[PDB]
């Protein structure tokens, strides 16, 4: 269960694309590194929907080939938003395993092992500082088979060191749909 990061564009391109809402870049992969002119986070594609956090994306539209992709789903209460995935985006599938051995995928393509300790919680096998996880919201929590368990939402930390992760569970992404 390995991962690697690829850069698609710079900041100048990100700003102009943010303005026009028209993105003719080739889309590939399941985890999209998404950005605003100010903030950067992640977006995971599950069943043709590009899912991310509300605290990062807001009610903002997503830059697409035929123009701005309007939000298909907006749950402020669950801190979750979704867009119809842009062409080329490869999709992830919900987990049915019921496996407690989870894996969080970060913006720096690190596959950090998590151990499920509730519906929306999972403990970190090796605690990481809050900075290591910053900008990885919307990132996926994978089962050992590589199926979507949830989307990384918030960090459960004690004085700067993250000991666990809070995530939006796929069941709630299916409930939204």
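Residue numbers count along the first chain shown, from 1.
Visitor: Do the CA atoms of 116 to 124 or those of 32 to 40 have the higher mean B-factor in the entry?
Guide: Comparing 116 to 124 with 32 to 40, the higher mean C-alpha B-factor belongs to 116 to 124.
Visitor: Going by the average Cα B-factor in the PDB entry, point out whether 154 to 162 or 16 to 24 comes out higher.
Guide: It is 154 to 162 that shows the higher mean C-alpha B-factor.
Visitor: Between 140, 67, 129, 58, which one tops the list for C-alpha B-factor in the PDB entry?
Guide: Top of the list by C-alpha B-factor: 129.
Visitor: For residue 6, return the chain-relative third of its C-alpha B-factor as stated in the PDB record: lowest, middle or highest.
Guide: Answer is middle: the recorded C-alpha B-factor places it there.
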